[PDB]
Amino acid sequence: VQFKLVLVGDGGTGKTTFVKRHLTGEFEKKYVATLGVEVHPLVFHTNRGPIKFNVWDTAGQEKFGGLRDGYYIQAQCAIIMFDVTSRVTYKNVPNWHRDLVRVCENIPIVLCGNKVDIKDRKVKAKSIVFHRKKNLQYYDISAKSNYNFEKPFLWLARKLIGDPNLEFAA
Amino acid sequence: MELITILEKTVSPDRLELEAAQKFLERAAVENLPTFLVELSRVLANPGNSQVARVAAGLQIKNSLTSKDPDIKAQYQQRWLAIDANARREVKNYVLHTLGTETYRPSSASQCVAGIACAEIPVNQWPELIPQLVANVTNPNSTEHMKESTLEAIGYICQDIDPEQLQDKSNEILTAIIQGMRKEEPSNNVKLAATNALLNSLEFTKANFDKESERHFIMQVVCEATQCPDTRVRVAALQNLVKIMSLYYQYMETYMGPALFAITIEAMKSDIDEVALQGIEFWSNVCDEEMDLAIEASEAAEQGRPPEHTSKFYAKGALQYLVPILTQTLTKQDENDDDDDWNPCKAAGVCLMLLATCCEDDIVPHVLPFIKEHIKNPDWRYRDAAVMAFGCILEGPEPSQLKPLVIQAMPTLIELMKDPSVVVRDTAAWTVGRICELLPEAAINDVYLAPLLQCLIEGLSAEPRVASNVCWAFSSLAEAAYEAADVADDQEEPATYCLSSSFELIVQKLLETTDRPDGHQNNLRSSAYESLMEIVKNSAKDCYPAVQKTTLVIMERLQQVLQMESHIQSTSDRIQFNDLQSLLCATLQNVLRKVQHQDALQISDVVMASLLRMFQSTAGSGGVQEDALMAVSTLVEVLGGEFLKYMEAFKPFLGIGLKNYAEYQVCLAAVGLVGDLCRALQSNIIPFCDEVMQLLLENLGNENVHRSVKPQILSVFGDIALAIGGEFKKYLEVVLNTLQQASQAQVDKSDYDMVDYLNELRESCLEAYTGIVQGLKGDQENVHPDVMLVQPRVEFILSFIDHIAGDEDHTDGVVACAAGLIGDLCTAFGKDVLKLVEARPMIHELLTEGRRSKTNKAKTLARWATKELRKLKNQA
Ligand SMILES: Nc1nc2c(ncn2[C@@H]2O[C@H](COP(=O)(O)OP(=O)(O)OP(=O)(O)O)[C@@H](O)[C@H]2O)c(=O)[nH]1
Ligand SMILES: [Mg+2]
């Protein structure tokens, strides 16, 4: 049992870092630009058997976009990740949502405000109102301090399977 | 080979296969655009092709016809316009014939229609698309898929294109939308597509919305569509209502009264999660727009003008029906519910907080009887709803009114901290934390502070979800008591305060909370460390032996972390070891700023030994090398001039940190360490100054460097110059040349991302020049021969600050640093700086702006610069 996930956002807001943190564990510090796309499977164990997410790590830069919207074919779940420390990463969230809904019909989308371990936040939690508008799920996340680093996958597993009584029995 | 094979290859999750397909598509696009686009259009229009290939070809045409960057989008549009008209005509014919042949629920060819239309319509080279779409939608013989695809294409066109192109023929577009949305449509999918198309086109039809009859027709059709038996159509119609109220709030006064209120109240009362969530979000959006209009009206009243838009207070008038419905929905829960589940209960709580912030004291009497009725309800759901409402109404009302209520309810909150229900305990701890945040004087009350502290230190042993808000309440209460301290004192620290009677017990319980094996859950260990750092930062001097014992415990824990380098076995043990390193180093940074100099003198040797061991463990490139640098910086700030003993051993690690530059945070931390070392050591950093200046020169140009790194480098250029005085003349010319090259560069002023970057860069340039002039001028004597080397650079410095003052964005820091630089140049050169300043009239305007500026330091520096200019004017 596995699903297909698309991880979108602006240029290196934390997507590759979050994927690497969840995959192996090590927090990569250098900013390495993603060349087109990265396919990294993530494994989780629940109380109803293990699952797998194929996280399509898309590129947030226009030069290295590659196929761009062509990675959204037959997507089953979506995570829109943006840097809290940069406001323009949040301002492009409706564009990524628009590109998601024009290729995906009825796919649940989870917002993720990444890198909240920084003491000063340019995008406050009050101002994040896009998840309210499109009935989306929002989590405050951080790949460095492990703040809610398993919550979005938990919500996506609960939504796709249909069992709210599902817990990561790690 | 065949294009269909590559188009189907574009979806496989293989890296080499995807790269080969992407390279083939890129080469085909570069080699010959028109034949490639014709082949793509012929592939898309074929119904016999697979769905994946058709959508891939459609997205290929779209992303070869448009892009997110507006300049690249315009370039691609002009490139499409450069194509011969026959190939474009064939592509348009195939794309238009593709509509209605798609069994896919989202239309793929509609994106192609929008992308082609956004280029063709401003040239008016395709004057057949709108009549074709109108005749397709309005034809009763049209199929469901054809109507859906045409409506979706209409919505995409109206969203993507500029509104000043189809303004003349938008009436037929809205007629088609209304015809496709009405109740007589048999298929629900067509209604859903029509509502989504209207949702996209709501920003396009503003000129049509200005007309009264069309606005009335749209409102009537949307209100009719809100009553659809299908759930998704109701959700889409409610979203349309939300966007209408967001965009057209000035025209809802005629329609919200008799029509919208009952529909939205019935949506709120619905047991369906989506419809109730949409109604709650409708009223939350009403509150958001009303508070934005209130902010606008306040700003207009500060300017002595009427506001552009006047709110009519819909939520304030509808509070009487909003509050009981919200509180009734607040009773909907389950025994297994997360905090940020975003159910209608969480939405109702957020909407209650928004209503409180929007309506101030008008929400208190409508929600107090619910609390008084259900504060002792036998069912835990109603007590949970009562305490959640009491927590939510804290922010926004005047705290003087809330003080007797929270004083009365404080014993009940203490009892509910020991409630058998887990959710009631969680919400009670959340309410206590919000009490300590918003109304701090209620928490520090001599009647109930001791049972409150006992309940808090017992809740530190409770579940991690409780203990997170318990420690957050502890930190906020420590801040509140510290601000409530210093009764007379007139000192830098209070002698004693309210938590001094149990500070040792509190810090012991926090240290035991750190060692909880379940501290990984709900970020309990990080929250406990943050609470410990906040309470040791906000502590009095009578608790100092407890601070010293805590520092010794942290040092011993760091030494235990030192002794487990060979204990690294798995990845998800060494990453927790790295997290412990970061937390313990931040804890050391927080506790070392509070300890005395003499007491930290004995522990500084062991601290430096620990940091040197961690640097030896992280000698190769990076590893962490971030928290340890600021730990060394805090140790330097503690010690001062006695740090020079360890400088010889610290030289290679600082050299590695300066040579690395692959991480912006690590380089920034090393740069700040260099600045703090210069401040602490004065002229004792000269033997290392040549090496660190060579490293800074190597990292100066270095075009693959993050934007925030360079201003810090200029700031420590100024710091090094000010620290070493006249010894900077060895590299003064090269530093001045590179600073001139950096200051000559300028970025765009349109996007606001680089506005703060250019402000910080200019502030750092002025700081660097200020430090150079202050170093070369000496400290107490008259003008020096060292500043005569920078004498021809005064003209360029004043030209650069004239160019800065020409820009009108500004901040306080740039004007303050400019005034300091002007004063230093005046004191260093006399009448020449005054004459060159008088040559540029914008400098006086910038100084007047700085005197106008509310920052005390900036105004003081501007006044000092003006005084120096006046003294130079009166000199001769
Ligand atoms: N404070 C903090 N910083 C983070 C965290 N995660 C990532 N960062 C920073 O953000 C950068 C992330 O880079 P990427 O994730 O690769 O950028 P991207 O969004 O994937 O886009 P690409 O450039 O295409 O790879 C890192 O270099 C880190 O410096 C975090 O959890 N906390
Ligand atoms: Mg990336």
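What follows is calculated from the coordinates using simple rules that are stated; it is not laboratory data. Cβ atoms come from the backbone with ideal geometry, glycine included; neighbour counts cover every protein chain shown.
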query = Which angle between 0 and 90 degrees, to the nearest 10, do you get for helix B:422-438 versus the longest principal axis of chain B when only C-alpha atoms count?
reply = 60 degrees
query = Looking only at other chains, what is the average number of their beta-carbon atoms within 10 angstrom of each beta-carbon in B:573-581?
reply = 2
task = Using a cut-off of 15 Å between beta-carbons, work out the net charge of the residues near B:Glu120 (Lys and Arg +1, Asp and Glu -1, B:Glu120 not included).
result = +2
query = Exactly which GluC sites (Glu not before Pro) in region B:490-524 are in a DSSP loop and have at most 16 other Cβ atoms within 10 Å?
reply = B:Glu492
request  = Check each of the chymotrypsin sites (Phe, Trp or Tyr not before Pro) in region B:750-858 and keep only those in coil by DSSP with at most 14 other C-beta atoms within 10 angstrom; list them in order.
outcome  = B:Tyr752
request  = Let me have the 222 nm mean residue ellipticity of chain B computed from DSSP H runs of 4+ only, each contributing -39500 (n - 2.57), with the sum over all residues rounded to the nearest 500.
outcome  = -23000 deg cm²/dmol
request  = Ignore the peptide's own chain and count Cβ atoms of other chains within 10 Å of each Cβ in A:61-67; give me the average, rounded.
outcome  = 4
key: Greater than 31 Å apart at Cα, pairs in B:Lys659/B:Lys831; A:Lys144/B:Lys376; B:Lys541/B:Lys659; B:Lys92/B:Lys243; A:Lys144/B:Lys549   = B:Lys659/B:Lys831; A:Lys144/B:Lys376; B:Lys541/B:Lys659; B:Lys92/B:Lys243
query = How high is the relative contact order of region B:1-146, given as a whole-number percent (alpha carbon pairs under 8 Å, six or more residues apart)?
reply = 22 percent
task = Filter the trypsin sites (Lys or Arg not before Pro) in region B:183-243 to those in DSSP coil with at most 14 other Cβ atoms within 10 Å of their Cβ, and list the result.
result = B:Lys183, B:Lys211
ask   = Between their Cα atoms, which of A:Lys4/B:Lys183; A:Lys126/B:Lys418; A:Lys29/A:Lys122 are more than 26 Å away from each other?
value = A:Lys4/B:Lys183; A:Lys126/B:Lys418
note = Checked region A:3-161 with the C-alpha gyration tensor, a ≥ b ≥ c its square-rooted eigenvalues, rounded below a/c of 1.5, otherwise prolate if a/b is larger than b/c and oblate if not; verdict rounded
query = Rounded, prolate or oblate: which fits region B:1-54, taking a ≥ b ≥ c as square roots of the Cα gyration tensor eigenvalues, rounded meaning a/c under 1.5, else prolate when a/b beats b/c?
reply = oblate
Local electrostatic count at B:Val447 - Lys and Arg +1, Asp and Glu -1, tallied over other residues with Cβ under 14 Å = -1
query = Per 10 Å bin from zero, what fraction in whole % of the C-alpha pairs of region B:290-357 is there, up to the bin with the longest pair?
reply = 18, 35, 25, 16, 6, 1
note = Rounded to the angstrom and largest first, Cα extents along the principal axes for chain B equal 93, 76, 67
task = Ratio to report: Rg/Rh of region B:1-118, with Cα atoms as the point set and Rh obtained by the Kirkwood method; give two decimals.
result = 0.95
inquiry  = What distance in nm separates the two pseudo spin-label positions at B:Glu637 and B:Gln598, each 7 Å out from Cα along the beta-carbon direction?
reply    = 2.4 nm
query = By a straight-distance test (C-alpha under 14 Å), which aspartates and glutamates pair with B:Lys332 as possible cross-link partners, with residues fewer than eight away in the same chain excluded?
reply = B:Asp271, B:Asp273, B:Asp341, B:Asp379, B:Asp384
inquiry  = Please report the net charge: other residues with Cβ closer than 10 Å to the Cβ of B:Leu761, K and R +1, D and E -1.
reply    = 0
task = Return the sequence-ordered ³J(HN,Hα) values of region B:487-495 in whole Hz as given by the Karplus equation 6.51 cos²θ - 1.76 cosθ + 1.60 applied to θ = phi - 60°, using x for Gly and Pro.
result = 5, 10, 6, 6, 10, 7, 9, x, 6
task = Going by C-beta contacts inside 10 Å, put B:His145, B:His520 in order with the fewest on the left.
result = B:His520, B:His145
query = To the nearest Å, what is the center-to-center distance of region B:720-738 and region B:287-318, using C-alpha atoms only?
reply = 55 Å
note = Log entry: pair-distance distribution for the protein assembly as shown, C-alpha pairs binned every 10 Å from zero, whole % per bin is 2, 9, 15, 19, 20, 18, 12, 5, 1, 0
request  = Consider just the alpha-carbon atoms of region B:105-189 and return their Rg together with their Dmax, both in angstrom.
outcome  = 12.5, 38
request  = Can you spot the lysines whose alpha carbon is less than 16 Å from B:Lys835's alpha carbon? Ignore those fewer than 8 places along the same chain.
outcome  = B:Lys867, B:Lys871, B:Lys873
Euclidean distance between Cα centres, region B:217-258 to region B:558-633, Å = 59 Å
ask   = In straight Cα distance, which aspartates and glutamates are under 18 Å from A:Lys15, not counting same-chain residues fewer than 8 positions off?
value = A:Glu26, A:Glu28, A:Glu38, A:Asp57, A:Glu62, A:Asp69, A:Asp83, A:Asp99, A:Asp117, A:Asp140, A:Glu150, B:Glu663
Filter on B:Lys749/B:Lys854; A:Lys124/A:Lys159; A:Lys124/B:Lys372; B:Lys777/B:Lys857 - keep pairs with C-alpha separation over 32 Å = A:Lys124/B:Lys372
request  = Counting helices only, and only those DSSP H runs with n ≥ 4, report the 222 nm mean residue ellipticity of chain A as the sum of -39,500 (n - 2.57) divided by its residues, in deg cm²/dmol to the nearest 500.
outcome  = -6000 deg cm²/dmol
note = Rounded to the nearest 5, the percent of antiparallel DSSP beta bridges in region A:3-161 equals 35 percent
task = Counting only chymotrypsin sites (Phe, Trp or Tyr not before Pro) that are in a DSSP loop and have at most 16 other C-beta atoms within 10 Å, tell me the longest site-free stretch of chain A.
result = A:65-170
